[PDB]
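Participant: As they sit in the full assembly, here are the leading chains:
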Amino acid sequence: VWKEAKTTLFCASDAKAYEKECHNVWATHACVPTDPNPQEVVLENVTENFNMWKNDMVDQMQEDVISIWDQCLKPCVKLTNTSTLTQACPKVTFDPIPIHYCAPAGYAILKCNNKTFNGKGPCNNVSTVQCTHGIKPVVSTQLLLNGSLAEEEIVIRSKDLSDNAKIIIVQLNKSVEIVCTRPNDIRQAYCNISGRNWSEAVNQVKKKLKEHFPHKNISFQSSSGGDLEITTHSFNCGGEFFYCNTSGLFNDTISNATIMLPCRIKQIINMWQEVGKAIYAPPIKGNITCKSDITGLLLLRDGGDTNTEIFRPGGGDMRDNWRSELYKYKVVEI
Amino acid sequence: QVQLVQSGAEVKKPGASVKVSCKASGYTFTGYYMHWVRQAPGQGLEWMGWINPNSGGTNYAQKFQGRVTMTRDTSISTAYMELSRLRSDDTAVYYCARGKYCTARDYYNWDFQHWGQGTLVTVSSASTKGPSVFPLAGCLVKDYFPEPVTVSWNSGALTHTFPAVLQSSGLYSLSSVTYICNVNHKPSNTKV
């Protein structure tokens, strides 16, 4: 009836032309209004193969989130070893909005509703939709923010878990609030999180993790090395780049409920769209603040003989960030 | 014309740190993980870790953490390995090695298709020392440091030079079996 195929998806968002948010401006030019009533047809007695790691929908969501950044967050000067660029650098309003990815005629999207699918393999309870759920293009590292949350229990997703060179996406199932603020070292900011809520998460997952290993103890430690983007929970909030220090989130002793993360606001950043540095104008005046929901984690397991298996926060290609939401989906040609 | 080239042999004393270089050519440096692997004399291979040159991300073998640091400089296609707080048994030849496939291919990355030439180290309390050469009525080339030494007979006109052994003194000794043996120890500029 259908085959795995590739083509040109299209995006859909509930974006008003009234708004000045940069994300909205981009959507109004490249997305169509969300179909109001979506008709999804579960398919009885069917099983379909899925590989989140070979999914070309990601490749497209990548291109698009680059697109927004290209217009949404223009750097004053961006440096590569081929090219130097200096240009207009305005500050813009900035709030990520969900994005849906629909299929044109001749094609449809298949979704895996199994609450525990790892992302590579067949799926018993498969449905069919004309458009993904709405995914907020959050760019972040170590911690996955504002995503979807696992329906029932924690899910560990990797291509080859024995390969210590492959990202480990973790989809939590109980979110954890995080509040990051720069108030009005003077580019210093901070985040607050509930130790108890975070530790509870760290355990539910450290428990889930030994399930994939034989009678091995689990440990959490800070990153082994890398650019500040990797070695910190890095992100943008209000067009400002926070780099926050998760040494108090990745530890085998989890402190009091409220724990405080030192952050710093950077004008120079190593780019994820490309290999280079982008320089940005200093932070705007004001109380820049961002309450976020941690929905998943990115991690890496130390290799080499160990009696403990250690995991460390890992930034990765952003695509992984898209993978975390586009795991459930595939593209079929009728 | 893919090439990987490493810094020259280095000799350091116990308790010190070392930084080995690995200069890459013939490909996009950020496109491929560079791993590090070492080899004790006559022994197997021991993997040390890998680095992602796009991001700087690392993974280290648990055996050494905080004794080893891996880095990159994308501007000069060069990877670096730093091993601190050296033990005598860290004496080994060090190789860097590239996976066959680009990170973007996401396939099985641990097929080491390209290797550097290796970097010989020596963790020792010993100091450079020329050999004494005694006749085997061959020649016994005793009490030198570090490796290596070369031996010829009759200036190359007479064509078994044995592998050296490491004595408890920390100095090497080897044997090679008118007859004249020409012994050269470059580190000490000795020629007998």
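Facilitator: Thanks, I have it. Numbers count the residues shown, from 1 in each chain, chains lettered A, B, ... in the order given.

Participant: what does chain B put close to chain A?
Facilitator: Neighbours of chain A within chain B, by CB under 8 Å from any CB of the partner chain: B:30, B:33, B:47-52, B:54-63, B:65, B:69-71, B:74-75, B:106, B:108-110. All C-beta atoms are positioned from the backbone trio N, CA, C, and that covers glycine.

Participant: Report the contact partners of the residue of chain B found nearest chain A.
Facilitator: Using CB to the nearest CB, the single residue of chain B nearest to chain A is residue B:61, 2.9 Å away. For residue B:61, the contact set (CB atoms under 8 Å, 6 or more residues apart in numbering or on different chains) comprises A:302, A:303, A:304, A:305, B:46, B:47, B:48, B:49.

Participant: likewise residue B:107?
Facilitator: The neighbours of residue B:107, taking CB under 8 Å, 6+ apart as the test, are residue B:101.

Participant: residues contacting residue A:16?
Facilitator: The neighbours of residue A:16, taking CB under 8 Å, 6+ apart as the test, are A:24, A:28.

Participant: What distance do you get for it to chain B?
Facilitator: When distance is defined by CB to the nearest CB, to the nearest Å, residue A:16 is 37 Å away from chain B.

Participant: Do a quick rundown of the helices in chain A.
Facilitator: Secondary structure of chain A (DSSP state H): helices at A:22-30, A:56-72, A:195-211, A:228-231, A:319-326.

Participant: Are there helices or strands packed against the shortest one, and which ones?
Facilitator: Judged by 3 or more CB pairs under 8 Å, 6 or more residues apart in numbering or on different chains; DSSP states H and E, helix A:228-231 is in contact with strand A:268-270.

Participant: Outside of the strand it packs on itself, list whatever touches it.
Facilitator: Contacts of strand A:268-270 with the rest of the structure, by CB under 8 Å, 6+ apart, involve A:227, A:228, A:229, A:241, A:276, A:277, A:278, A:279, A:280, B:55.

Participant: Give the partner strands of it in its sheet and their orientations.
Facilitator: Take DSSP bridges as the rule and strand A:268-270 pairs in its sheet with strand A:277-279 (antiparallel).

Participant: starting at the chain centroid, how far to the partner strand?
Facilitator: Using CA atoms, centre = their mean, to the nearest Å, the mean C-alpha position of strand A:277-279 is found 21 Å from that of the whole chain.

Participant: same question, stretch B:173-192
Facilitator: Taking CA atoms, centre = their mean, one finds stretch B:173-192 lying 23 Å from the centre of the chain it belongs to.

Participant: quick revisit: now for the contacts of residue B:61: which two are most distant?
Facilitator: For the contacts of residue B:61, with distances taken as CB to CB, the pair at the greatest spread is A:302 and B:46 (15.0 Å).

Participant: quick one: stretch B:169-186 to chain centroid distance?
Facilitator: Per CA atoms, centre = their mean, the centroid offset for stretch B:169-186 relative to its chain is 22 Å.

Participant: how about that stretch: buried residues?
Facilitator: Judged by neighbour count using 16 or more other CB atoms under 10 Å in any protein chain shown, the buried positions of stretch B:169-186 are B:170, B:171, B:172, B:173, B:174, B:175, B:176, B:181, B:182, B:183, B:185.

Participant: Could you pull up the residues touching the residue lying closest to residue A:118 once chain neighbours are set aside?
Facilitator: Counting by CB to CB, 6 or more residues apart in numbering or on different chains, residue A:157 is the residue found nearest to residue A:118 once chain neighbours are left out, at 5.5 Å. Taking CB under 8 Å, 6+ apart as the definition of contact, the neighbours of residue A:157 are A:52, A:118, A:119, A:168, A:169, A:170, A:171, A:323, A:324, A:327.

Participant: and then chain C:
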Amino acid sequence: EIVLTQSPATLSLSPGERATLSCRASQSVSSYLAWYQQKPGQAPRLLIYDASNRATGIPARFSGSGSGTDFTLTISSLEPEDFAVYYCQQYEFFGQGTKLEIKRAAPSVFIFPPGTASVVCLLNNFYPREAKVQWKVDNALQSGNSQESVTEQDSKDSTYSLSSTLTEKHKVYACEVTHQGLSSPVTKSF
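Facilitator: Putting chain C together with the chains above:
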């Protein structure tokens, strides 16, 4: 996390013969395995990737097989350039190595007299590799005060050679050599 065991420890054959090398993964579930050849003082060379694919520049006489826990490297006909040490590898993990040797001699034994005295015993061009050197000083068996080393197999006769060094009180210095090619131990002395 995983251990690799290759067997045998040493493989001795002749050109034209079929070569089979085994690598057994301990408890492993992966199906990826690479094979490497190494010659002395040289970098390893990747022979086979992903278990069953020949690397570029590798001759057709090399084959890989296996999945699961037991894997095989096959060389249809040994050539002179094919004798070397062989490693398997999976993920970050390496096997202990297999030495592939030319299979084919009693040693010729020589003793050399010397604040220090070094006495040297030479065993020249013998096969097989197994050999025993015993130092005797005034007919007393020595222990703890000698070191030895052995050459790589000779490129012309495939033999090994061995040098042992023992490092005024005593009169008779002897090296006694035992080897299968000798119907009884040979003693060289001064």
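
Participant: and the buried residues of stretch B:169-186, now that chain C is in?
Facilitator: When neighbours are counted by 16+ other CB under 10 Å, the buried residues of stretch B:169-186 are found to be B:170, B:171, B:172, B:173, B:174, B:175, B:176, B:177, B:181, B:182, B:183, B:185.

Participant: Please apply the same query to stretch C:81-89.
Facilitator: Using 16+ other CB under 10 Å as the burial criterion, the residues of stretch C:81-89 that qualify are C:82, C:83, C:84, C:85, C:86, C:87, C:88, C:89.

Participant: Assign a three-state SS to the residue nearest in space to the middle of chain C, would you?
Facilitator: Nearest residue to the geometric centre of chain C (CA atoms, centre = their mean): residue C:99, 5.5 Å. When states are read from DSSP: H, G, I helix; E, B strand; the rest coil, the local structure at residue C:99 comes out as strand.

Participant: Can you tell me how far the residue located most distally from the centre of chain C is from chain A?
Facilitator: With CA atoms, centre = their mean as the measure, chain C has its most outlying C-alpha, relative to the mean C-alpha position, at residue C:169: 38.3 Å. From residue C:169 over to chain A the distance is 50 Å, taken as CB to the nearest CB.

Participant: from the buried residues of stretch B:169-186, which two are the most distant?
Facilitator: Farthest pair in the buried residues of stretch B:169-186, by CB to CB: B:170 and B:182, 25.8 Å.

Participant: which helices and strands does the strand or helix carrying residue C:162 pack with?
Facilitator: Secondary structure assignment for residue C:162, by DSSP states H and E: strand C:160-166. Contact analysis of strand C:160-166 by 3+ CB pairs under 8 Å, 6+ apart lists strand B:172-176, strand C:119-126, strand C:132-137, strand C:146-150, strand C:173-178 as its packing neighbours.

Participant: Pull the distance from the fourth one to the chain's centre.
Facilitator: If you compare the mean C-alpha spot of strand C:146-150 with that of the full chain, they lie 15 Å apart, counting by CA atoms, centre = their mean.

Participant: hmm, who's touching that strand?
Facilitator: Contacts of strand C:146-150 with the rest of the structure, by CB under 8 Å, 6+ apart, involve B:162-165, B:167, B:173-174, C:129, C:133, C:135, C:160-167.

Participant: Between all of the buried residues of stretch C:81-89, which two are separated the most?
Facilitator: Put simply, by CB to CB the two of these set farthest apart are C:83 and C:89, 20.2 Å from each other.

Participant: What residues of stretch A:202-218 count as buried?
Facilitator: Burial within stretch A:202-218, assessed by neighbour count using 16+ other CB under 10 Å, is assigned to A:202, A:205, A:206, A:208, A:209, A:218.

Participant: do the same with stretch B:85-99
Facilitator: When burial is assessed from 16+ other CB under 10 Å, stretch B:85-99 yields the following buried residues: B:86, B:90, B:91, B:92, B:93, B:94, B:95, B:96, B:97, B:98, B:99.

Participant: and these as JSON lines, adding distance to residue A:247?
Facilitator: Formatted as JSON lines, these follow (distance: CB to CB, whole Å):
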{"residue": "B:86", "distance to residue A:247": "27"}
{"residue": "B:90", "distance to residue A:247": "29"}
{"residue": "B:91", "distance to residue A:247": "34"}
{"residue": "B:92", "distance to residue A:247": "33"}
{"residue": "B:93", "distance to residue A:247": "36"}
{"residue": "B:94", "distance to residue A:247": "30"}
{"residue": "B:95", "distance to residue A:247": "33"}
{"residue": "B:96", "distance to residue A:247": "30"}
{"residue": "B:97", "distance to residue A:247": "31"}
{"residue": "B:98", "distance to residue A:247": "32"}
{"residue": "B:99", "distance to residue A:247": "30"}
